[PDB]
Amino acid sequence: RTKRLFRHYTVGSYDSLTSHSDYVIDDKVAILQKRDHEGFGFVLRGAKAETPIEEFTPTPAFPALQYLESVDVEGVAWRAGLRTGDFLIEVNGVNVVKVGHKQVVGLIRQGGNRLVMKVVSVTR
């Protein structure tokens, strides 16, 4: 049950034993309601781009362009289940995987006190 996969490589009487653990992709939905003065409690970080970057290709390690660079502990987002490193997938019914920072920020701001997001967590 509780066990990790290790690779045992051996050549010419030398051994190495290394761990090669796959990325877990864990999707969640967050609903955030704030007060007029308070923040949602997160710092968003991602690529600057005027238009979506079509050729952008999600990988297990990097699903999307905009991610949470930090989350205020016991702030609105934290309470809603958001954690540092979550990748933004959808923001108020808009797909944002490939979307530049300014536009995502603009969507979040159009929402006012309410923000509803699909995000993804990744761990190894």
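Note that residue numbering begins at 1 and tracks the sequence as displayed.
- Stretches 15 to 23 and 97 to 105 differ in mean C-alpha B factor, with the higher average recorded for 15 to 23.
- Just going by the entry, 61 to 69 versus 36 to 44 on mean CA temperature factor gives the higher value to 36 to 44.
- The entry lists a Cα temperature factor for residue 124 that places it in the highest third of the chain's modelled residues.
- When the modelled residues of the chain are ordered by C-alpha B-factor, residue 76 sits in the middle third.
- Annotation for residue 31: CA B-factor lies in the highest third of the chain's modelled residues.
- When the CA B factors of the chain's modelled residues are split into thirds, the value for residue 7 lands in the middle one.
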